[PDB]
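Chemist: This is the structure I have questions about; it appears just below.
Methodologically, a virtual Cβ is constructed for each residue, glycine included, from the backbone with ideal geometry; neighbour enumeration extends over all protein chains shown. Each answer follows from the model by the rule given with it, or from the source it names; none is laboratory data.
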Amino acid sequence: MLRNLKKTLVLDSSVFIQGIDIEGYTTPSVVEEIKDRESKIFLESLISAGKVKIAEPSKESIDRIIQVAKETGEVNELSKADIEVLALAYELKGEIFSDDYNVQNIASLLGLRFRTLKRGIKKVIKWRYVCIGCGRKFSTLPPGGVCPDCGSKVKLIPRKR
Ligand SMILES: [Zn+2]
């Protein structure tokens, strides 16, 4: 009776920060660090409403992030909650919800489909030019349109996204 639910989905700490009513699983790891009132009452209520169920990842799932992470460089430079949520969803091959700069990247290189929020920029810029040699990014054409880092020519590129 009346058991509407989405497909598999895992929710991050940040989802309980913004006020995003959604369903799925939550990490008993991250909730230990959730000290606010909004992000408590909301999380606990959705839990008790059976919108979200408790699940922490397998070790191999954590180690999965470590593999691709040590290949991209920042291996443990990411927070534990971050790794924990992401890992779990990769074991389920389901879905994720978050809106962090690293969280977005990791799910990207891991190939896992996720949702994120209506922000757009909070410090970053657009850009539109690329060196051909050292592959340096530019937002403008340098003098001669040549690379102040390798001397090679610079050319235009497609959209950021
Ligand atoms: Zn260059």
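Chemist: Name the one entry in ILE121, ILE106 that is touching a residue at least 40 places away in the same chain (Cβ under 8 Å) and either under 30 Å from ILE22 (Cβ atoms) or within 15 Å of the ligand (Cβ to nearest atom) (or both). It would help to see each step written out before you state the result.
Modeler: Values: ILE121 fails: touching a residue at least 40 places away in the same chain (Cβ under 8 Å).
Going through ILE121, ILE106 in turn, just one is touching a residue at least 40 places away in the same chain (Cβ under 8 Å) and either under 30 Å from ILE22 (Cβ atoms) or within 15 Å of the ligand (Cβ to nearest atom) (or both): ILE106.
Chemist: Could you list all residues from the stretch 132-161 that are in contact (Cβ under 8 Å) with a residue 24 or more places away in the chain and over 20 Å from the mean Cα position of the chain (by Cα)?
Modeler: Pass one, the stretch 132-161, residues in contact (Cβ under 8 Å) with a residue 24 or more places away in the chain: 154-157, 160.
Listed by number, the residues that qualify are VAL154, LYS155, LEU156, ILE157.
Chemist: Among (1) in contact (Cβ under 8 Å) with a residue 60 or more places away in the chain; (2) among the charged types (D, E, K, R); (3) near the ligand (Cβ under 10 Å from one of its atoms), where does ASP99 come up short?
Modeler: With respect to (1) in contact (Cβ under 8 Å) with a residue 60 or more places away in the chain; (2) among the charged types (D, E, K, R); (3) near the ligand (Cβ under 10 Å from one of its atoms), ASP99 is out only on (3).
Chemist: Go over the candidates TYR90, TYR101 one by one and state the one that is surrounded by 13 or more Cβ atoms within 10 Å (Cβ to Cβ), under 28 Å from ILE66 (Cα atoms) and not hydrophobic (A, V, I, L, M, F, W, C).
Modeler: Details: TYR101 fails: surrounded by 13 or more Cβ atoms within 10 Å (Cβ to Cβ).
Of the residues listed, the single one that is surrounded by 13 or more Cβ atoms within 10 Å (Cβ to Cβ), under 28 Å from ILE66 (Cα atoms) and not hydrophobic (A, V, I, L, M, F, W, C) is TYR90.
Chemist: Do any residues in the stretch 30-57 that are in the same structural domain as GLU91 (by CATH) have Cβ atoms under 7 Å from those of residues that are of a type in the set (D, E, K, R) and in a helix (DSSP H, G or I), where the two are at least six apart or on different chains, and which pairs are they?
Modeler: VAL30/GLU84; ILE34/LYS40; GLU56/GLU84; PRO57/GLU84; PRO57/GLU91
Chemist: Same structure, new question: Quick one: which helices (runs of 4 or more DSSP H) sit completely within the stretch 8-107 and have at least 3 residues that are in contact with an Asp or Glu (Cβ under 9 Å, 6 or more places away or on another chain)?
Modeler: Correct list: 13-18, 59-72, 80-92.
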